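Following this are structure 1 and structure 2, which are two forms of one protein chain, each written alone as structure tokens.
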Structure 1
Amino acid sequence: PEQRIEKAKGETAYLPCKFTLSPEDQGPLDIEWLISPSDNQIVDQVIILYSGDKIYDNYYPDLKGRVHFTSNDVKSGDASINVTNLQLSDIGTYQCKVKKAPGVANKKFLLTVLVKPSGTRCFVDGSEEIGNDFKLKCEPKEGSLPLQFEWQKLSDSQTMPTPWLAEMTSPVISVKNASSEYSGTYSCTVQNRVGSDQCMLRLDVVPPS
């Protein structure tokens, strides 16, 4: 089991890792967390240890100061960690390895970090001319999937061209055989569960010449 944990950038991830001891488990309690980041191909890197009743946490410089055991009494049965001020670079697989010999247990977490849509650009791809085919595009610079789009007409009738109604919730509107009546100011609003962004374009459909 690889449990998915999903949080937004800047929030804190809780990676729970509670454990029961068998009375047979007489060896010293030893706990190791390791990361395998997405951003690169290093694998199984120690980020924090509990060993000899002491915490060692100076391991992985990208996580400096941001990884802590959740509990104030780890030896009672809680190996959970907090990862605070989440960065996009913290996306990866986190493994909790608990040992109290002969007992050994592991668990993995797949951490994803979400970001709201931002830097969203609204633009026309093509010549804005009567009879032409061109494209209305709403392109976020950043934004975690799944993303929702919604075009609206801000100017004049405040009503989207009927032929475009099917692509109204799409990032791209593929305009065919353009009418001058399609002209106007249009808004693209993009959202995901973190947040929202909006942009605007002006369409001016003129005779081709």
Structure 2
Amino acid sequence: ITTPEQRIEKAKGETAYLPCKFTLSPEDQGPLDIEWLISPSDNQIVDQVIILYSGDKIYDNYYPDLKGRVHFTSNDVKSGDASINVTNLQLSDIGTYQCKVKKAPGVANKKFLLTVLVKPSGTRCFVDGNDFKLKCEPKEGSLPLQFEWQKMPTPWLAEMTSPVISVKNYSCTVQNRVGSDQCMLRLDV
């Protein structure tokens, strides 16, 4: 019996807290050494070091993408706390996060599966006895998205929910499970 890789789901633009607390054993006398690795899109051939602890000096020196955005939460990391914060979360930060503690001969490992969802925002409302199409196109966002159009059009009532009003012969509210959005359009015949 083992334990999986903790799954962490967060919203954009904010800070992920990854816990990695440890208790040293008497044997464990070697140099203390901590190393956090990011595994972009989880590709199993390569990981990258984001933050490292060694010679009792911290290093934020690498992964230029994360420059200035990742930090050990704790003050006294040696006291048995290796947890980190990841700040200003973006979609590129998606991946697999691993916590590696080494103090000869002891060693430990924790896997964290990070997920970054996006609150729907930036939706365009546009029109194209004609063959019209009314459109509520969002970006960025994430599925499953819901749409609700308003004003009392009868032959459109069915489309109230679909993101396209394929019209032939005032709002658009956009919602997922992390955020909402409002948009307005005009048409003329």
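Shifts are known only where both forms have a C-alpha. Here, residue number means position along structure 1's sequence, counting from 1. Rigid core (definition): largest C-alpha set, two forms, superposition within 1.5 Å.
Going between the two structures, do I91 and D73 stay in one rigid unit of the two?
-> In the two-part motion between the two structures, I91 and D73 are assigned to the same rigid part.
If the chain moves as two rigid parts between the two structures, put down the smaller part's rotation against the larger in degrees.
-> Interdomain rotation between the two structures, rounded to whole degrees: 24 degrees.
Look at the Cα of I55 between the two structures with the rigid core superposed and state its shift in Å.
-> Displacement of the C-alpha, rigid core superposed: 0.1 Å.
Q198: how big is its Cα shift between the two structures, in Å, with the core superposed?
-> Here the C-alpha difference is 5.3 Å.
Can you give the CA shift of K141 between the two structures, in Å, with the two forms fit on their core?
-> With the cores aligned, its C-alpha sits 3.9 Å away.
Segments of at least three residues whose Cα atoms shift by 2 Å or more between the two structures, after superposing on the rigid core | Runs moving 2 Å or more: 39 to 43, 117 to 125, 131 to 153, 160 to 177, 186 to 193, 197 to 205.
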